[PDB]
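Reviewing the structure listed below.
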Amino acid sequence: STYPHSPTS
Amino acid sequence: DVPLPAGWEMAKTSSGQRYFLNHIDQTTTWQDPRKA
């Protein structure tokens, strides 16, 4: 339902 | 809600990163919630 950003990008 | 947590978010990237959100804590958990 929500797209953040990978915590280890 | 057992095979996939209900207060839980899926962010599956085709690049090979399965990272999940907790919509309760606003925290990002890479760990399978059913393993522990």
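Those protein sequence lines, which keep their order, are chains E and U. Residues in the first sequence are numbered consecutively from 151, following this note's numbering. Residues in the second sequence are numbered consecutively from 281, following this note's numbering. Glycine included, each C-beta is placed from N, C-alpha and C at the ideal position.
At least one CB of chain E closer than 8 angstroms to the CB of residue i: is that the case?
| i | result |
| --- | --- |
| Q297(U) | yes |
| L284(U) | no |
| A291(U) | yes |
If you compare alpha carbons, which of the options is closest to residue i?
| i | options | result |
| --- | --- | --- |
| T152(E) | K315(U), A316(U) and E289(U) | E289(U) |
| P154(E) | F300(U), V282(U) and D305(U) | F300(U) |
How many whole angstroms separate the CB atoms of residue i and residue j, which I take to be in contact at a CB cut-off of 8 angstroms?
| i | j | result |
| --- | --- | --- |
| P157(E) | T308(U) | 5 angstroms |
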